[PDB]
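Single-structure report; data block below.
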Amino acid sequence: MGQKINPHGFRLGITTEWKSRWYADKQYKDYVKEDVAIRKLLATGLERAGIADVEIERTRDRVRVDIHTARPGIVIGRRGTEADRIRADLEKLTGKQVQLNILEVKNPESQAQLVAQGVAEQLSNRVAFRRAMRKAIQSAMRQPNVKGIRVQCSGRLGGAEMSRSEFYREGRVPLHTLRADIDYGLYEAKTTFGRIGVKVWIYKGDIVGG
Amino acid sequence: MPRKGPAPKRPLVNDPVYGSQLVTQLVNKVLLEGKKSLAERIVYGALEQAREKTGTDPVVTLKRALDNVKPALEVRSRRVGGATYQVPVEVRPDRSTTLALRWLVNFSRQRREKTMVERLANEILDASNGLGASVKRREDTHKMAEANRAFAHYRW
Amino acid sequence: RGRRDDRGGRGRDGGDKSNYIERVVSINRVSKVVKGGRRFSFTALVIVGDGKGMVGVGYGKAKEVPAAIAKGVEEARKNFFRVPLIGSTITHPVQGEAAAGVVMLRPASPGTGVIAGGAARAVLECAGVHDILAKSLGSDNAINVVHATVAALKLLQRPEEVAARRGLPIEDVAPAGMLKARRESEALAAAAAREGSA
RNA sequence: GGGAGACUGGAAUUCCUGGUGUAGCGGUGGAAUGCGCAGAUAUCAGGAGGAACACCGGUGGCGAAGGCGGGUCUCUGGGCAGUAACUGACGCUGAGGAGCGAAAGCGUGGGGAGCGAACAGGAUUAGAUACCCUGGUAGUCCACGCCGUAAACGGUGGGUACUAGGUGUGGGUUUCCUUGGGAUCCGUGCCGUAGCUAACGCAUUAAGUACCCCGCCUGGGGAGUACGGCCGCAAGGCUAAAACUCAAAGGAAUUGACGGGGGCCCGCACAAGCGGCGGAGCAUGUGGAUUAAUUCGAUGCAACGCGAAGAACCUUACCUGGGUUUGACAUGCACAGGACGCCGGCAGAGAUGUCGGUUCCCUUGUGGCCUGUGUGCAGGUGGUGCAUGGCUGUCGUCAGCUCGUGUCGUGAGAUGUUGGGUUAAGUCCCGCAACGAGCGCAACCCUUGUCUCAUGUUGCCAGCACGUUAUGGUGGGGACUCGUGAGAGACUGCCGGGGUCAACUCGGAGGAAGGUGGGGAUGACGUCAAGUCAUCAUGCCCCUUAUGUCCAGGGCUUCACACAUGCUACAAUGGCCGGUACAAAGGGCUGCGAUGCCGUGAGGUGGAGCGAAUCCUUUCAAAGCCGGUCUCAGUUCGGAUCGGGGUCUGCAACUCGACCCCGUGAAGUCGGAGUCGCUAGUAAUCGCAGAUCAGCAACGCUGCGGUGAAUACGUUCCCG
RNA sequence: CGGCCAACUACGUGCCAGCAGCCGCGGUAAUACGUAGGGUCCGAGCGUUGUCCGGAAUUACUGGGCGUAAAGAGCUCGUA
């Protein structure tokens, strides 16, 4: 319908960096398999925690798993108790040893992934969806330094039978411009009536910064 | 490139052996696809067989056959109101050279000599005298044009 | 208009002066056919006013319901309208017409209550009246009866204004019962006002 | 051109007699019935007879309304102005009532040229009882009467008084310039305030403000119909219901879509070409029929070499059979444990069972490990894309889609976004109750085209040296490439003309390139309940002794058919044999595999050398060029089919693999209606590599390069 | 105990059985059908049916209309 390519996959050569970074000849399928099982292992407890980014640098078979989140304090509970448990399970599930770096984003409401987190987690929690979005925004519109936003919500909105898509915005979000620095995040709400897939575009600025 | 106006056309180099626009254009209309070199061997061999059966300059024989097949009027198929009208229209120079060479090649290709060289030689010779089927297609095209002269007024 | 009860840890709800009385009369989704389907929008007929007897009439167009209500609030905010009274009544029987909206607004003795249909009941409950007697004849609508009621309140005038138009000393313009009601209403204005000063 | 009566005028059509004169005339989108060749149509002269009145003549005159236009005469009706002489409220309206009242129709008697219902033939068409054509009676005309109906419409009853104006034109009085202007009374139009209206509109000729009298309306059908009466020669008119039934039927305006509406534009949309498909054989996919099973999905464009970038077993979802229960896989409970699990032997289609060797690592309480027995439970390629998310197609890479604030409108809404020009483009200028913004378009990015700087191995080799056999092969060298980094360069920037001195367009120069240089990547708001619960995720429903799961065999490859996309052809621009020249990109670890040797050939034996600008895919091609032969034929074309004989991959080529050798040698002679692709390195043709993959159904898909055309007059027609 | 019109959830049947004053609800997730909880309104009563007035300015004296929505006799003359 809207045949819109994932813009983090449309600027992954130009502005947005890769999330996983190594070099691999004849070891690549194994590094893919470990990358997948690591991201499944970091889905659940960190999606409780407020995860945004999961980068995996990979040096000579050590591993370096780095996570950008919005609360160092739920990811790091008691020191080593909440960190070294998921870290140690990453050390056992992989056949390797894990150096887990955990870091905070300076503003959670201007990460598109974290905006999709807070919006969809509100939308599972029986709030008004036009109020959620509309408050998804107002906040982020701001606050830093953030020249667009565009929120779309499809699915059983309000528990209705029809799957109505909604489309709210403010400012400038140019997708066809490649010097855009757009963050994109889709996260999917889980109501009892079903799943409300939320897409958030956030246009930070014109800046190439090449 | 129609509906925007006339489109610019490619300039055509002349022949190396004979030195004519019309020889090279005959080669590019001999070109059953792919083999321009083999088209050059057909056209060259056929024109030295025309040189054998005339003893003269082959391009003069070629331009005399080309003149004797070249039409002046062509019929159209324009349809005013529930009847198909054969409309006769003045033929441009390039359109007339195109119909002359294209009829020459195609009705040489229908002719029953053994190779293609003997076909094209005999068709350039018979069109030089005026005895090929292609000259009969010129006379049938002027037959349709003169038979349909009245419909030509539309000024179209 | 749902999910309004909320507590926010944000900057401000910006609650401030002019706590006026605001009534939303009707909302009908307004559709528009375009190429491939229908575009639904929203209309909110917004009545605002204070209990003195100043009335607004706003008409909100937006494709969200609280957005249309807020735009009607700002439009009636832009356009107020003064209504003259006697005590908390109306001066004299009028008929207003907004092209099909007929409304008869007749005064009554106090204690009777605002008797009117829901649009006229909205425009008169926001206003400074408490005891009048209206009726909405014709047009069976909300917009034309609100706008007809406001035209009916434009056909109002003071007893004093009438006296002024005719260059006559009051007494000589009113009859006497209505002058006594002026004495009653200004007397209770004096009682509640001087209880307001202390 | 108010009416009636009477007399008369010419042009034109038709017929008639007579000339002149020949084979067609008539008619149509195109034709045919038709009139002709016995003298038509054509033209000239004369005659008859009827009807209608060109020009003046129109947004104009008159009439109460119908209505009224050749002329003249006779009789007669109304209107307007001027003076104010007379009468002195005699006014207004008007239920019933009488009269007038287009056209069609009716009666009796005339008249009958043209036109012409009905009525024929012709044509069109599936079929025309229709339009179109040829003929044609009542009628149309007059005299005398009937009838009483119309969108008889200004859709506006008659009278009266008042309420800003502006400009036409018709009739008449007067003051001034001296026909011009003014003022006035009566008429008829166009625009316009206030006011009015649901809105459109009306607006001194009211639908405005008021008074007087009349007609008439009370939801839509039923129905202006029945019954009854009245009028009528009749057709019919007038007056006028109910049962029953519907939840509406309506008015104006708005946004869209649509039109066999208008205008302006574009696209291989048509035209101009070139090559195809549809006929033949096969390869793939689908329909249908089969079947134990032919797993499941995808059926206009946008399903059908599509999910499949690889069906012998596996895959696999299907079928017959054999097994199986905490299950093939998790994890939480209880409960016993001490090894779990392994490597075998045997019986078995195999799953599996039964025998043989190994028996735990911490700790003292258990954990690492499983089996049991249960318990929650796992598992479902079971159902629902009409409950969804995600991903995707399509309209279309088309130029559009909106919003904020202001104004306009009772409102839906409008405006902006329309107008003038311009553009590949809502591109851009100039205007305009709008002023701005946003998502698109463009630009940013990749690749291709030129040069500069950097640049030297595995890449190049000019100038040097050495090779002799084989070549950059080797010492060497940065000169040329080339490889990959940075940078310059195309901006209407420079000159000429049109432009409103604006945008932009036509030519020229420089330049490798000229005007979005070429191609990509890039899909706006939405559409289609489009696709997918079989990639995945998932709400709900269903199975839980099976709809789970394990294996062998079979099927997904069946075949009287029909479609669809491809490939090889039907030959001489060709086939076959010999000699010879030029690519680009790619691929490679339990992979790519050379020289050599054995084969006819698939290949076998062997391992040089390479994780690869090095080694291998041979130094890479094929079409090309030179030469010989074949002589137009069912052939030295064509390779399907079938027989024998092999090789390789794999546990295994029967159902069902590819390749090679020998033989065999069918259809097919350029393909009906129809239809498809393509505008320059394109079409056409020629090989090469890759992904999937042990092998291959690869003629597929994705790419790479070689050789390389024709045509575009132009928007009438088809399509969007 | 959809809306008017105070008062909502689950289970059971999934164009059936039924509901309803009008608008309209039932096509395996009904707040509209049946049963349950719960709520609301009344209370020795509470619902239904019928008949009348009201709302109905919907026969308009008070208090309506007739360009196009229903509605100006085809046009005049004239008796009461």
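Going through the structure tokens in order, the chains are called A, B, and so on, while each chain numbers its residues from 1 and the ligands are numbered from 1 in the order shown.
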
- Task: For residue 58 of chain E, work out the shell of residues within 12 Å, counting only C-alpha atoms (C1' of nucleotides) and skipping chain neighbours fewer than 3 positions away, then give it as a list in words.
- Result: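 So, after excluding close chain neighbours, the residues are residues 138 of chain C; 218 and 219 of chain D; 55 and 64 of chain E.
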
Residues of chain A at most 12 Å from chain E: nearest atom pair and distance in Å, only C-alpha atoms (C1' of nucleotides), as a tab-separated table:
```
residue	atom	partner	partner_atom	distance
A:159	CA	E:29	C1'	11.0
A:160	CA	E:29	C1'	11.4
A:161	CA	E:29	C1'	10.1
A:192	CA	E:29	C1'	10.9
A:193	CA	E:29	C1'	8.9
A:194	CA	E:29	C1'	11.5
```

Could the residues in this selection be saved with C-alpha atoms as a PDB file, in the first residue's frame?
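What follows is the written file out-v8.pdb:
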```
ATOM      1  CA  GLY A 159     -10.857  -2.839  20.547  1.00  0.00           C
ATOM      2  CA  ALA A 160     -12.943  -2.109  17.458  1.00  0.00           C
ATOM      3  CA  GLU A 161     -13.416  -4.680  14.709  1.00  0.00           C
ATOM      4  CA  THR A 192      -6.155  -8.616  24.581  1.00  0.00           C
ATOM      5  CA  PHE A 193      -7.998  -7.711  21.377  1.00  0.00           C
ATOM      6  CA  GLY A 194      -4.742  -8.006  19.463  1.00  0.00           C
TER       7      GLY A 194
END
```

- Could you pull out the strand (DSSP E or B) residues of segment 48-111 of chain B from DSSP and send them as number ranges by chain? B: 73-75, 79, 84, 88-90

- With a cut-off of 12 Å and counting only C-alpha atoms (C1' of nucleotides), select all residues of chain C in contact with chain E and give the selection as a PyMOL selection string. chain C and resi 102-104+135-139

- Message: Residues within 7 Å of segment 202-207 of chain A, please, as a PyMOL selection string. Count only C-alpha atoms (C1' of nucleotides); anything in the same chain fewer than 4 positions from it doesn't count.
- Response: chain A and resi 112+145-150+173+179-184

Create the file for the chosen residues now, containing N, CA, C and O atoms and written as a short mmCIF file (atom, residue, chain, number, x, y, z; two decimals), in the first residue's frame.
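The new file part_15.cif reads:
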```
data_model
loop_
_atom_site.label_atom_id
_atom_site.label_comp_id
_atom_site.auth_asym_id
_atom_site.auth_seq_id
_atom_site.Cartn_x
_atom_site.Cartn_y
_atom_site.Cartn_z
N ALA A 112 13.51 7.10 18.41
CA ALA A 112 12.28 6.63 17.80
C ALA A 112 11.90 5.24 18.31
O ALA A 112 10.71 4.92 18.43
N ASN A 145 15.59 18.85 20.26
CA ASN A 145 16.32 19.34 19.10
C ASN A 145 15.97 18.57 17.83
O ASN A 145 16.85 18.09 17.12
N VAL A 146 14.67 18.45 17.56
CA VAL A 146 14.14 17.28 16.88
C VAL A 146 13.04 17.66 15.90
O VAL A 146 11.90 17.94 16.30
N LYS A 147 13.38 17.68 14.61
CA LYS A 147 12.77 18.62 13.68
C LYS A 147 11.52 18.03 13.03
O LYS A 147 10.80 18.71 12.30
N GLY A 148 11.26 16.75 13.32
CA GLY A 148 10.07 16.10 12.84
C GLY A 148 9.47 15.22 13.92
O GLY A 148 10.01 15.07 14.99
N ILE A 149 8.33 14.65 13.62
CA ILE A 149 7.91 13.36 14.15
C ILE A 149 6.65 12.93 13.41
O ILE A 149 5.93 13.78 12.87
N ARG A 150 6.42 11.62 13.32
CA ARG A 150 5.33 11.06 12.55
C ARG A 150 4.97 9.71 13.15
O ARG A 150 5.78 8.79 13.13
N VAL A 173 9.23 15.84 8.16
CA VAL A 173 9.86 14.51 8.13
C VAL A 173 10.07 14.11 6.68
O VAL A 173 9.22 13.43 6.10
N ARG A 179 20.02 12.91 3.31
CA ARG A 179 20.80 13.58 4.36
C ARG A 179 19.88 13.97 5.53
O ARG A 179 19.91 15.08 6.06
N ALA A 180 19.10 12.99 5.97
CA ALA A 180 17.97 13.24 6.86
C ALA A 180 18.23 12.93 8.33
O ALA A 180 17.60 13.57 9.17
N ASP A 181 19.10 11.96 8.64
CA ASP A 181 19.38 11.50 10.00
C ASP A 181 18.10 11.06 10.73
O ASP A 181 17.92 11.34 11.91
N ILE A 182 17.19 10.41 10.00
CA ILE A 182 15.93 10.00 10.60
C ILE A 182 16.13 8.74 11.43
O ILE A 182 16.68 7.73 10.96
N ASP A 183 15.67 8.79 12.67
CA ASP A 183 15.51 7.60 13.47
C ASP A 183 14.12 7.03 13.22
O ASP A 183 13.14 7.76 13.08
N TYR A 184 14.05 5.70 13.20
CA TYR A 184 12.81 5.00 12.89
C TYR A 184 12.64 3.92 13.95
O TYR A 184 13.62 3.28 14.33
#
```

With a cut-off of 7 Å, could you pull out the residues of chain C touching chain D and give me the nearest pair of atoms for each, distance in Å to one decimal, using only C-alpha atoms (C1' of nucleotides), ordered by chain and ascending number, as JSON lines?
```
{"residue": "C:32", "atom": "CA", "partner": "D:255", "partner_atom": "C1'", "distance": 5.6}
{"residue": "C:33", "atom": "CA", "partner": "D:256", "partner_atom": "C1'", "distance": 5.2}
{"residue": "C:34", "atom": "CA", "partner": "D:256", "partner_atom": "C1'", "distance": 4.9}
{"residue": "C:35", "atom": "CA", "partner": "D:256", "partner_atom": "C1'", "distance": 6.2}
{"residue": "C:36", "atom": "CA", "partner": "D:527", "partner_atom": "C1'", "distance": 5.8}
{"residue": "C:144", "atom": "CA", "partner": "D:410", "partner_atom": "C1'", "distance": 6.5}
```

Write the residues you've just listed into a file as a short mmCIF file (atom, residue, chain, number, x, y, z; two decimals), in the first residue's frame, and include C-alpha atoms for each of them.
```
data_model
loop_
_atom_site.label_atom_id
_atom_site.label_comp_id
_atom_site.auth_asym_id
_atom_site.auth_seq_id
_atom_site.Cartn_x
_atom_site.Cartn_y
_atom_site.Cartn_z
CA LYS C 32 -16.61 14.45 2.60
CA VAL C 33 -16.30 12.14 -0.40
CA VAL C 34 -12.93 12.27 -2.15
CA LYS C 35 -11.30 9.93 -4.67
CA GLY C 36 -11.31 6.62 -2.90
CA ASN C 144 -30.28 27.43 13.76
#
```

- Item | Residue hits in chain D, query chain B, radius 6 Å, only C-alpha atoms (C1' of nucleotides), as a ChimeraX atom specification | /D:29,572,684-685,708,712

Would you mind exporting N, CA and C atoms (P, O5', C5', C4', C3', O3' and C1' of nucleotides) of the selected residues as a PDB file, in the first residue's frame?
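Wrote out_8.pdb, looks like this:
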```pdb
ATOM      1  P     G D  29     -25.596  11.144 -43.989  1.00  0.00           P
ATOM      2  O5'   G D  29     -24.424  10.148 -43.545  1.00  0.00           O
ATOM      3  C5'   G D  29     -23.209  10.626 -42.976  1.00  0.00           C
ATOM      4  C4'   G D  29     -22.178   9.528 -42.805  1.00  0.00           C
ATOM      5  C3'   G D  29     -21.924   8.634 -44.011  1.00  0.00           C
ATOM      6  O3'   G D  29     -21.023   9.230 -44.929  1.00  0.00           O
ATOM      7  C1'   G D  29     -22.095   7.315 -42.039  1.00  0.00           C
ATOM      8  P     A D 572      17.615 -20.032 -46.842  1.00  0.00           P
ATOM      9  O5'   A D 572      19.100 -20.574 -46.943  1.00  0.00           O
ATOM     10  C5'   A D 572      20.105 -20.019 -46.113  1.00  0.00           C
ATOM     11  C4'   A D 572      21.383 -19.786 -46.868  1.00  0.00           C
ATOM     12  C3'   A D 572      21.209 -19.118 -48.222  1.00  0.00           C
ATOM     13  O3'   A D 572      22.342 -18.299 -48.484  1.00  0.00           O
ATOM     14  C1'   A D 572      22.230 -21.225 -48.507  1.00  0.00           C
ATOM     15  P     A D 684      14.282  -8.308 -28.879  1.00  0.00           P
ATOM     16  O5'   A D 684      15.185  -8.748 -30.110  1.00  0.00           O
ATOM     17  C5'   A D 684      14.586  -9.106 -31.347  1.00  0.00           C
ATOM     18  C4'   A D 684      15.615  -9.234 -32.438  1.00  0.00           C
ATOM     19  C3'   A D 684      16.692 -10.288 -32.219  1.00  0.00           C
ATOM     20  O3'   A D 684      16.273 -11.578 -32.643  1.00  0.00           O
ATOM     21  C1'   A D 684      17.698  -8.236 -32.829  1.00  0.00           C
ATOM     22  P     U D 685      16.246 -12.821 -31.622  1.00  0.00           P
ATOM     23  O5'   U D 685      17.724 -13.424 -31.715  1.00  0.00           O
ATOM     24  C5'   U D 685      18.231 -13.929 -32.943  1.00  0.00           C
ATOM     25  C4'   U D 685      19.713 -13.681 -33.109  1.00  0.00           C
ATOM     26  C3'   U D 685      20.645 -14.364 -32.117  1.00  0.00           C
ATOM     27  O3'   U D 685      20.879 -15.735 -32.399  1.00  0.00           O
ATOM     28  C1'   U D 685      21.281 -12.111 -32.352  1.00  0.00           C
ATOM     29  P     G D 708      29.645  -3.843 -35.382  1.00  0.00           P
ATOM     30  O5'   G D 708      28.199  -4.089 -35.985  1.00  0.00           O
ATOM     31  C5'   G D 708      27.250  -3.044 -35.990  1.00  0.00           C
ATOM     32  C4'   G D 708      25.879  -3.568 -35.688  1.00  0.00           C
ATOM     33  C3'   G D 708      24.888  -2.530 -35.216  1.00  0.00           C
ATOM     34  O3'   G D 708      24.333  -1.778 -36.269  1.00  0.00           O
ATOM     35  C1'   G D 708      24.850  -4.310 -33.720  1.00  0.00           C
ATOM     36  P     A D 712      10.797   8.354 -40.445  1.00  0.00           P
ATOM     37  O5'   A D 712      10.082   8.795 -39.098  1.00  0.00           O
ATOM     38  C5'   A D 712       8.690   8.606 -38.937  1.00  0.00           C
ATOM     39  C4'   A D 712       8.252   8.934 -37.537  1.00  0.00           C
ATOM     40  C3'   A D 712       8.738  10.251 -36.961  1.00  0.00           C
ATOM     41  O3'   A D 712       8.056  11.393 -37.446  1.00  0.00           O
ATOM     42  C1'   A D 712       9.012   8.571 -35.353  1.00  0.00           C
TER      43        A D 712
END
```

- Task: Would you list the contacts of residue 120 of chain B as a list in words, taking every protein, DNA or RNA residue within 10 Å and counting only C-alpha atoms (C1' of nucleotides), but skipping same-chain residues closer than 6 positions in sequence?
- Result: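 Answer for this query is residues 30, 42, 43, 45, 46, 47, 49, 50, 104, 105, 106, 107, 108, 109, 111, 113 and 126 of chain B.
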
Please save C-alpha atoms of the selected residues as a PDB file, in the first residue's frame.
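Generated file (result38.pdb):
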```pdb
ATOM      1  CA  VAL B  30      19.630  -5.607 -45.712  1.00  0.00           C
ATOM      2  CA  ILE B  42      25.569  -9.489 -49.388  1.00  0.00           C
ATOM      3  CA  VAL B  43      25.278  -5.881 -50.612  1.00  0.00           C
ATOM      4  CA  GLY B  45      28.714  -9.082 -53.642  1.00  0.00           C
ATOM      5  CA  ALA B  46      25.336  -8.262 -55.168  1.00  0.00           C
ATOM      6  CA  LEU B  47      26.601  -4.944 -56.488  1.00  0.00           C
ATOM      7  CA  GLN B  49      27.337  -8.992 -59.693  1.00  0.00           C
ATOM      8  CA  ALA B  50      25.416  -5.948 -60.898  1.00  0.00           C
ATOM      9  CA  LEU B 104      13.684  -3.598 -52.879  1.00  0.00           C
ATOM     10  CA  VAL B 105      15.079  -5.724 -50.032  1.00  0.00           C
ATOM     11  CA  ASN B 106      11.822  -7.462 -49.104  1.00  0.00           C
ATOM     12  CA  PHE B 107      10.792  -8.348 -52.645  1.00  0.00           C
ATOM     13  CA  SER B 108      14.336  -9.403 -53.373  1.00  0.00           C
ATOM     14  CA  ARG B 109      13.900 -11.668 -50.356  1.00  0.00           C
ATOM     15  CA  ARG B 111      12.590 -13.845 -55.188  1.00  0.00           C
ATOM     16  CA  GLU B 113      17.469 -17.206 -56.665  1.00  0.00           C
ATOM     17  CA  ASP B 126      15.140  -5.998 -62.777  1.00  0.00           C
TER      18      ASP B 126
END
```

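Reported to one decimal place, the separation of atom CA of residue 170 of chain C from atom CA of residue 154 of chain C is 22.0 Å.
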
- Query: Hey, what's within 9 Å of residue 522 of chain D if we count only C-alpha atoms (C1' of nucleotides) and toss same-chain stuff fewer than 4 positions away? As a PyMOL selection string, please?
  - Reply: chain A and resi 10+176-178

- Message: Should the cut-off be 10 Å, what would the residue list for chain A against chain D look like, counting only C-alpha atoms (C1' of nucleotides), as a PyMOL selection string?
- Response: chain A and resi 1-5+10-11+13-14+25-26+154-156+159-163+169-180+186-198+208

Could you dump the residues just selected with C-alpha atoms as an mmCIF file, in the first residue's frame?
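Full text of again_26.cif as output:
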```cif
data_model
loop_
_atom_site.group_PDB
_atom_site.id
_atom_site.type_symbol
_atom_site.label_atom_id
_atom_site.label_comp_id
_atom_site.auth_asym_id
_atom_site.auth_seq_id
_atom_site.Cartn_x
_atom_site.Cartn_y
_atom_site.Cartn_z
ATOM 1 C CA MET A 1 0.000 0.000 0.000
ATOM 2 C CA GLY A 2 2.435 2.526 1.339
ATOM 3 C CA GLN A 3 5.505 0.736 -0.019
ATOM 4 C CA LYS A 4 7.840 2.671 2.229
ATOM 5 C CA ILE A 5 11.314 1.196 2.727
ATOM 6 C CA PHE A 10 17.628 3.090 3.311
ATOM 7 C CA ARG A 11 20.403 5.225 4.815
ATOM 8 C CA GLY A 13 25.284 3.159 3.862
ATOM 9 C CA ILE A 14 25.182 6.936 4.110
ATOM 10 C CA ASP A 25 35.171 -15.102 5.865
ATOM 11 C CA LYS A 26 33.933 -18.728 6.344
ATOM 12 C CA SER A 154 -2.823 0.385 12.805
ATOM 13 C CA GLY A 155 -4.666 -2.571 14.233
ATOM 14 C CA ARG A 156 -7.677 -2.955 16.501
ATOM 15 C CA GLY A 159 -10.857 -2.839 20.547
ATOM 16 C CA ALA A 160 -12.943 -2.109 17.458
ATOM 17 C CA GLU A 161 -13.416 -4.680 14.709
ATOM 18 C CA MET A 162 -12.094 -2.495 11.903
ATOM 19 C CA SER A 163 -8.337 -2.023 11.687
ATOM 20 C CA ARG A 169 2.659 14.437 12.883
ATOM 21 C CA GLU A 170 4.346 17.802 13.457
ATOM 22 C CA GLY A 171 7.019 19.615 11.475
ATOM 23 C CA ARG A 172 9.231 18.213 8.714
ATOM 24 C CA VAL A 173 9.856 14.509 8.134
ATOM 25 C CA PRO A 174 11.368 14.101 4.642
ATOM 26 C CA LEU A 175 11.912 10.433 3.824
ATOM 27 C CA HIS A 176 13.148 10.830 0.244
ATOM 28 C CA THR A 177 15.979 13.091 1.362
ATOM 29 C CA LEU A 178 19.000 10.968 2.222
ATOM 30 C CA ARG A 179 20.796 13.579 4.360
ATOM 31 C CA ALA A 180 17.973 13.243 6.863
ATOM 32 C CA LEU A 186 8.277 0.258 15.084
ATOM 33 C CA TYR A 187 7.150 -1.553 18.204
ATOM 34 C CA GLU A 188 3.965 -3.534 18.541
ATOM 35 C CA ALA A 189 1.447 -3.165 21.359
ATOM 36 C CA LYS A 190 -0.087 -6.319 22.801
ATOM 37 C CA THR A 191 -3.695 -5.839 23.879
ATOM 38 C CA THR A 192 -6.155 -8.616 24.581
ATOM 39 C CA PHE A 193 -7.998 -7.711 21.377
ATOM 40 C CA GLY A 194 -4.742 -8.006 19.463
ATOM 41 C CA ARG A 195 -1.584 -6.187 18.467
ATOM 42 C CA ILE A 196 -1.333 -2.471 17.666
ATOM 43 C CA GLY A 197 1.739 -1.915 15.500
ATOM 44 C CA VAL A 198 3.157 1.545 16.135
ATOM 45 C CA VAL A 208 25.199 15.417 7.022
#
```

- Query: Quick one: residues within 12 Å of residue 454 of chain D, only C-alpha atoms (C1' of nucleotides) counted, chain neighbours fewer than 6 positions away excluded, as a list in words?
  - Reply: residues 484, 485, 486 and 487 of chain D

- Query: Given a cut-off of 9 Å, which residues of chain C touch chain A, counting only C-alpha atoms, written out as a ChimeraX atom specification?
  - Reply: /C:2-3,10

May I have the residues from that selection written out with N, CA and C atoms, as a PDB file, in the first residue's frame?
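selection_0.pdb written:
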```pdb
ATOM      1  N   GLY C   2     -13.677  11.791  25.476  1.00  0.00           N
ATOM      2  CA  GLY C   2     -13.402  10.752  26.457  1.00  0.00           C
ATOM      3  C   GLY C   2     -11.982  10.918  26.982  1.00  0.00           C
ATOM      4  N   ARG C   3     -11.701  10.271  28.123  1.00  0.00           N
ATOM      5  CA  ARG C   3     -10.400  10.225  28.793  1.00  0.00           C
ATOM      6  C   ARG C   3      -9.865  11.611  29.141  1.00  0.00           C
ATOM      7  N   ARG C  10       3.878  16.890  34.133  1.00  0.00           N
ATOM      8  CA  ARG C  10       4.477  17.771  33.139  1.00  0.00           C
ATOM      9  C   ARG C  10       4.585  19.195  33.671  1.00  0.00           C
TER      10      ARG C  10
END
```

- Backbone-only DSSP, helix (DSSP H, G or I) members of segment 89-173 of chain C, as a PyMOL selection string: chain C and resi 118-126+143-154+159-165

- Contacts of residue 32 of chain E at 10 Å (only C-alpha atoms (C1' of nucleotides); same-chain gap of 2+ positions) as a list in words: residues 2, 19, 20, 24, 25, 26 and 30 of chain E
